[PDB]
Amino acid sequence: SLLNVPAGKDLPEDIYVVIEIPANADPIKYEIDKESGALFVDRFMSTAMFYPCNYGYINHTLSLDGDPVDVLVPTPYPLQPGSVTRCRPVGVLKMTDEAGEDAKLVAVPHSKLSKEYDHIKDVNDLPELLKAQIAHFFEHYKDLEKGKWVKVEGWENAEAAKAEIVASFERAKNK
């Protein structure tokens, strides 16, 4: 099932990301249930906004906010919910919210899946417009939700992203 997908073939450089929410989709926040491994609806978003990239997580990790590391994955076409994509991390958006530090990594499709992203090696290589749209989405998508708040802190590089992956894999194995 989805509960037994590996964190990656070779962490933290070569990872698997379990997709929860397709890029450019309707505003429904899905999450994979840790118990059943099924796709649950978490929320129908109240702002008229959509996740800008496919969104999911790395299995067998535990971040500082209490859940698996969250990852955004840009692709040429949107992926299915519940699919597993091989990726390489290039960057991270740091932000805090009610859950604690809730970082969003960015990882692009591995060169075996496509050579389209081979030229993206670090956070400075992502399009400026994509980075701005991602930050603006996390700054505002919860603006109409009652008990919730976000502060976006800013972008860090691929080395920062990989260290969060190592740390969160270490934390799950112990914890």
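Just count from 1 along the sequence shown to find any residue number. Rigid core (definition): largest C-alpha set, two forms, superposition within 1.5 Å.
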### Which of 72-80 and 99-107 strays further in 5 other deposited structures of this protein - Cα RMS after rigid core alignment
99-107
### Task
Output the stretch, either 166-174 or 2-10, that has more C-alpha displacement from this form in 5 other deposited structures of this protein following superposition by the rigid core.
166-174
### Message
If you average the CA temperature factors as listed in the entry, which stretch comes out higher, 44-52 or 123-131?
### Response
123-131
#### Entry: Mean C-alpha B-factor comparison - 30-38 and 55-63, higher one
30-38
### Message
Lowest, middle or highest third: which one holds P78 when the chain's residues are ordered by CA B-factor from the entry?
### Response
lowest
#### Entry: Lowest, middle or highest third - CA B-factor, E159
middle
#### Entry: Chain thirds of CA B-factor: placement of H110
middle
### Task
Within this chain's modelled residues, let me know which third the CA B factor of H140 belongs to: lowest, middle or highest.
lowest
#### Entry: Lowest, middle or highest third - CA B-factor, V90
middle
